[PDB]
**Q** 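Below you will find the structure I want to go over with you.
By convention in this document, chain letters (A, B, ...) are assigned in the order of the sequence lines, proteins followed by strands, and residues within each chain are numbered from 1.
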Amino acid sequence: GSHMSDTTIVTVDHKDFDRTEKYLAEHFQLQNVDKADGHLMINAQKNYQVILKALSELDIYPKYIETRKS
Amino acid sequence: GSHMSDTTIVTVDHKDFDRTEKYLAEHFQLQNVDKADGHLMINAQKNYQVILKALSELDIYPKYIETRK
């Protein structure tokens, strides 16, 4: 069976948060949403290219992206 | 003396390795590479925006980016 022990955390500028949340809601599963600090958590991704390219199409560039144990 | 304390590692598709290496080494300090697995190691960056926007202008979208000691 599965071992879903890791999360990917995307951090964006406040002005980009709502549109980043919309993108991740439509294409991934949001586990946590912290608008106050600019963080969005999804299931752990091994390859960031899909997300980075789609955010770039929205003119959004994360301040940070990290995968770690939840 | 000084030493390297921390590194930002940018990982790209093999086809993007040379152009990424040129961009990063021109605008940041290159510390090391791993060409076999498409990694470029630069002095650590607190905010990835500038690099991710500049790479997108070159039509480069990293497979991975991380910072480590």
**Q** Under 4.5 Å between side-chain heavy atoms, hopping through other hydrophobics if needed: is there a path connecting A/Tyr61 to B/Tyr61?
**A**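 No; B/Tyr61 is not reachable from A/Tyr61 via cluster members.
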**Q** Are A/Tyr64 and B/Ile42 linked, directly or through other ILVMFWY residues, by side chains that come within less than 4.5 angstrom of each other?
**A**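 Yes; tracing contacts between hydrophobic side chains, which count when under 4.5 Å, links both residues.
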**Q** Please check if A/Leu24 and A/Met41 belong to a single hydrophobic cluster, counting links between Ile, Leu, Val, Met, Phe, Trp and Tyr side chain heavy atoms closer than 4.5 Å.
**A**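 In one cluster: no.
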**Q** Are A/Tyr48 and B/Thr11 close enough that some pair of their side-chain heavy atoms sits under 4.5 Å apart?
**A**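 They are not in contact (no side-chain heavy atoms under 4.5 Å apart), so the answer is no.
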**Q** Using 0.5 Å steps for rounding, measure from the NZ atom of A/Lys46 to the NZ atom of B/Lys63.
**A**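 Rounded to the nearest 0.5 Å, the NZ-NZ separation comes to 13.0 Å.
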**Q** Which pair of heavy atoms, one from A/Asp59 and one from B/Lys53, lies closest together, and at what distance?
**A**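 Nearest pair, atom of A/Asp59 first, then B/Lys53: OD1-NZ, 4.2 Å.
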**Q** Does any part of the side chain of A/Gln49, heavy atoms only, come nearer than 4.5 Å to the side chain of B/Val12, both counted from C-beta?
**A**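 B/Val12 vs A/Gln49: side chains apart.
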**Q** Grouping I, L, V, M, F, W and Y whenever their side-chain heavy atoms are under 4.5 Å apart, do B/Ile51 and B/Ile9 come out in a common cluster?
**A**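 No, B/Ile51 does not connect to B/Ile9 through the hydrophobic network.
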**Q** Looking at A/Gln29, I want to see if its CD is surrounded by more than 12 non-hydrogen atoms of other residues, nucleotides or ligands under 6.0 Å.
**A**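 Counting neighbours around CD of A/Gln29, 12 or fewer heavy atoms of other residues, nucleotides or ligands fall under 6.0 Å, so no.
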**Q** Between A/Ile60, A/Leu52, A/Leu55, which shows the greatest number of heavy-atom pairs under 4.5 Å with chain B?
**A**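 Top option by heavy-atom pairs under 4.5 Å: A/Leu52.
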